[PDB]
Ligand SMILES: *[C@@H]1O[C@H](CO)[C@@H](O)[C@H](O)[C@H]1NC(C)=O
């Protein structure tokens, strides 16, 4: 908030930057309010929020199509709560239609198929 | 005079009414609580920030209010930074964040204990993302650990204008998987919608079991699904059998509707009761501060909330602890807080819906888990 | 009666109800519309005229 207000007070025409799941609402709200465009490599906003340019493309469709490609029915989905649950909720909503059995584990049954969904460092760990 | 800021969402009439009633009941000659009320859209981070900065610039000693999942991070961050204690009836924060006093007890443990009580290994979890996903993570971890079959579906994203079509569709999905057991962890209106659709399609008959996961079970409308034959279980944090709650209701049911909106009824939503209890907690907190001869009085103006660098006032911590050491008896039963602002040593009544109306079959203690409370045809 | 039928769940497929009154569309038909039961009635007011 302080950084945004500082950059705004300076009179910038645009703001490039990053946000977390705890700071995303501040960015989207303030940028939607002051008509100041925000550019970000971070995760796409969940919604239609304006004045936010997300460089990162959506991963939901490719992931679901990949799961359907390998013909997976039962698998385990590891997820980081520090990063977010959006894709998890997506595959959970898609689980009924595609007949999936998902075992969700938060990393923040003879299971041989695992989805990681984490930071590159956490993935490396 | 002790200046405090109130933050109320647009449309919470009964909560603000219970706030005023709580102000009248707990008023004293020792000191006088002076609320500054801000009615706003609680889901708006900008409005919440502006209101917070306003109350802070005014120099309030404490802030009571509500928050959504979109504005909660702002509250926790600003309160943790500027050391301004926040009091709330809303959902418990996911974490240990400081300067946040949550009146709402944790519902996850009671929910899990209820799931284990009916011995469910396979069910459906319908949930709203507006409060938090922590409970979802809980039932998922318990689904994995206890080897269950849970179908979690998010109904939060669906638009209300075209909603009945997707409802019919989702129920077609639930009739596909032969799902007869459903848990609603949703907003009361969302719960009403889902219930209405269940009734419409006829899944409210015998063989179906619904668990309404909210603090109040009797706060919503139970009459329409009462004679259906389906088992309906829920939770109740406000026990109307207590003499305190009995008297409070005796006065609450007679209150003027013109002056106090939604305050003429025999029942009260748990949020409003938690508001009342919150007023009580604040009163006791400042009373204890005055009893300990600890001076919290502001020397000068609090200044701008965005002042760089941000230096927190010193007595804020004193106020925070003063709020967290309070142990009293309210509408929500025993009110006692741990150091993180969470409710401890509370009791959540487990309710079942019968033909003669809702009935308590037991209760869930904070440490004791779930404990139960202890026309036939002829045989030839 | 409709509310009670819906409540107990007799508004599903296999049931047929005949409303004997001049207006069929005068009341709320939405609640028994998605039940699956066949519902027949009478209409003296033709809105197509
Ligand atoms: C809860 O607090 C009450 C007093 O308010 C006390 O008598 C009781 O022993 C406590 N129980 C537990 C389980 O902590």
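Chain B uses Swiss-Prot numbers throughout; the residues present, in order, are 26-399, 411-416.
Each residue, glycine too, has its Cβ placed from N, Cα and C.
Copied from Swiss-Prot, the annotated features are:
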type     : residues   : note
DISULFID : B:78-B:330 : disulfide bond
CARBOHYD : B:370      : N-linked glycosylation site
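Everything Swiss-Prot records as a feature, shown here on the structure.
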residue : record                      : CB count, 10 Å
B:78    : disulfide bond              : 17
B:330   : disulfide bond              : 20
B:370   : N-linked glycosylation site : 15
(message) If I take the alpha carbons of residue B:78 (disulfide bond) and residue B:370 (N-linked glycosylation site), what is the distance between them in whole Å?
(response) 34
(message) Give me the CA-CA distance between residue B:370 (N-linked glycosylation site) and residue B:330 (disulfide bond), in Å, as a whole number.
(response) 36
(request) With H, G and I counted as helix, E and B as strand and the rest as coil, say where DSSP puts residue B:330 (disulfide bond). (result) coil
(request) Would you identify the secondary structure of residue B:78 (disulfide bond) according to DSSP, in three states? (result) helix
